[PDB]
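Structure first, then comments.
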Number of protein chains: 2
Amino acid sequence: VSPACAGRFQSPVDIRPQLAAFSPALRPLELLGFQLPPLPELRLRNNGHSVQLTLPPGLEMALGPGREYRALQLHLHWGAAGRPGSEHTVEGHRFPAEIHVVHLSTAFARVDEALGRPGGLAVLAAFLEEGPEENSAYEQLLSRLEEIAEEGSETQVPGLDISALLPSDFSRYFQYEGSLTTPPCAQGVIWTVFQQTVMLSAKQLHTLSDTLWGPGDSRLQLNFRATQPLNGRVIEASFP
Amino acid sequence: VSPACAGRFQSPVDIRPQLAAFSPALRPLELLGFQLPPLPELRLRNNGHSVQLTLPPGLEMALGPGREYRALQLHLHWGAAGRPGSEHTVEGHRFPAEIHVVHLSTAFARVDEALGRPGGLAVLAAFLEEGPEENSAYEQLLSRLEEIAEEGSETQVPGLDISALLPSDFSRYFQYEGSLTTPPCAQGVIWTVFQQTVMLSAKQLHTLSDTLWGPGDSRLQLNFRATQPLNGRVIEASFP
Ligand SMILES: CCCCNC(=O)c1ccc(SC2CCCCC2)c(S(N)(=O)=O)c1
Ligand SMILES: CCCCNC(=O)c1ccc(SC2CCCCC2)c(S(N)(=O)=O)c1
Ligand SMILES: [Zn+2]
Ligand SMILES: [Zn+2]
């Protein structure tokens, strides 16, 4: 219903590691200023599409020499009972959930200038899987989904280490150019997808996919977009 | 006193093919609409820093899937009798001359919005070397230099196959991120430097270096910038 969602270079995509092109040029992700103090607080919001944390100024990220970004927000994608809800897949496998940290190039002053422009926005993405332990970092956010279950509801939460939400090795990722996965589906987004996953307890994953309400009288669930063709794009890998 | 001319990531650079990262993601260049009709004519100008050919609308160049560009102009860098004048070097070797074909990202309607923006401008570069035969395509430009010997003069030339000023091998090239090499030296420029060189006659190379006059009572020669340090950038290659 936005023609942009029918462009040729959309996200998400199915990742095929063996077909990823290794390039030495893809150096380790640099994330500075992500260890936020408890004050000030941050806005967490149920928009009926996802849960969205607004991030402060000062979160700086580089994809390479002279290619720098500042973090804007983070949100999540998830499924339902017995059904996975990641956006990206790996060899056809859909993981339980998926975190997206959205950034704006320092070469643009406004997001509306950056939409549609090559490298204007960059998203860091990581897969969330079931493990045995309870995740501390994720609990800070999952604990407050109760408060904001309505739709439009919002709360304030204490500062947290945003970088603790992400996987172990910042030198191991896949990378491609695609689009926003929501309308306006703008192209020129650089997607970086960690090779390693983060682990949540089955308790936490049930919570995430069963606490929030979306449009009208309906649970917010399966908020991922279908897989989109690569159409000739080659996914790059930072490791052989 | 134009600040980006003092940036960390400038052009040109010395290329060391041993140290280039092989990146299978780098596909062959697609050029469309470069085979021009004779009419309308094109403007060829001695701007006192180079000879520049203004290219018409409709020349599309892609660095790959979703990496789309339009050609603006081309110009040349050269030396002097017994002196090489290429901008880029290879293992410290300087070639007799160099052609630059400057392009604008389709995401931008004008150069000034692209400047300093990531991938906003893209240059196709090829070395010129001495061969035994008169180069046909080059002769159409070089035969007119006498008419534009004076600083700030110009002339009209018939359209030609612009892609015949370049190497026939479009699959094999180095690519790196850098800058314009003249003020304002804005960064974010994708430079693509062909592996194959182009052949001009000794007479042609002499015409290029010995015909034009620049500022002062001065010959327009040796119009190349010094090489700039990589400063931790990696150059990619399209071939193993
Ligand atoms: C049907 C479910 C829709 C849920 N998606 C989002 O809420 C969402 C909201 C925002 C964003 S990014 C944002 C940045 C610029 C303006 C609009 C989109 C993204 S994404 N996956 O990063 O493209 C997703
Ligand atoms: C020694 C005197 C300088 C010689 N250089 C040029 O004339 C020249 C003139 C123009 C250009 S491109 C750029 C000029 C300003 C904005 C539009 C494109 C470039 S380049 N090598 O591709 O950056 C070079
Ligand atoms: Zn998202
Ligand atoms: Zn040039």
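In what follows, chains are A, B, ... by sequence order, proteins preceding strands, each numbered from 1.
For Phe170(A), the ring-ring contact (aromatic ring centres under 6.0 Å, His included) criterion is met by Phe194(A), not counting sequence neighbours. For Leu63(B), the side chain to side chain contact (heavy atoms under 4.5 Å, CB included) test picks out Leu29(B), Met61(B), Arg67(B), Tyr69(B), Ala122(B), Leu124(B), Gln175(B), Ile190(B), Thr192(B), with sequence neighbours left out. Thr54(A) is linked by a side chain to side chain contact (heavy atoms under 4.5 Å, CB included) to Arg43(A), counting only residues two or more places apart in sequence or in another chain. Taking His88(B) as the reference, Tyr176(B), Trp191(B) meet the ring-ring contact (aromatic ring centres under 6.0 Å, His included) condition, with sequence neighbours excluded. For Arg45(B), the side chain to side chain contact (heavy atoms under 4.5 Å, CB included) partners are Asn47(B), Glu154(B), not counting sequence neighbours. In this structure, the salt bridge (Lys or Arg N to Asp or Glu O under 4.0 Å) partners of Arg27(A), at least two apart in sequence or on a different chain, are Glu30(A). Residues satisfying the side chain to side chain contact (heavy atoms under 4.5 Å, CB included) criterion with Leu19(B), sequence neighbours excluded, are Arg16(B).
Atoms OG and CG, on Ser238(B) and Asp169(B) in that order, are 7.5 Å from each other to the nearest 0.5 Å. Taking CD of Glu68(B) as the start and OG of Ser105(B) as the end, the distance is 9.0 Å to the nearest 0.5 Å.
Within the structure, no pair that satisfies the salt bridge (charged side-chain N to carboxylate O under 4.0 Å, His left out) test touches residues 222-240 of chain A, not counting sequence neighbours. Sequence neighbours left out, the pairs with a member in residues 114-137 of chain A that pass ring-ring contact (aromatic ring centres under 6.0 Å, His included) are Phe95(A)-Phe127(A). A disulfide bond (SG atoms under 2.5 Å apart) check over residues 130-170 of chain A, counting only residues at least two apart or in different chains, returns nothing. Sorted by first and then second residue, the ring-ring contact (aromatic ring centres under 6.0 Å, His included) pairs involving residues 14-35 of chain B (not counting sequence neighbours) form an empty list. The list of salt bridge (charged side-chain N to carboxylate O under 4.0 Å, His left out) pairs with a residue in residues 112-127 of chain B, not counting sequence neighbours, reads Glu113(A)-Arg117(B), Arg110(B)-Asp112(B).
Residues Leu72(A) and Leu104(A) are in side-chain contact: their nearest non-hydrogen atoms beyond the backbone lie under 4.5 Å apart. Inter-residue side-chain proximity for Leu220(A) and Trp213(A) is flagged as unmet; no heavy-atom pair is nearer than 4.5 Å.
A donor-acceptor pair under 3.5 Å is formed between the side chain of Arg219(A) and the backbone N or O of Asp210(A).
Here the shortest heavy-atom pairing between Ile235(A) and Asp14(A) reads CD1-O, 4.0 Å.
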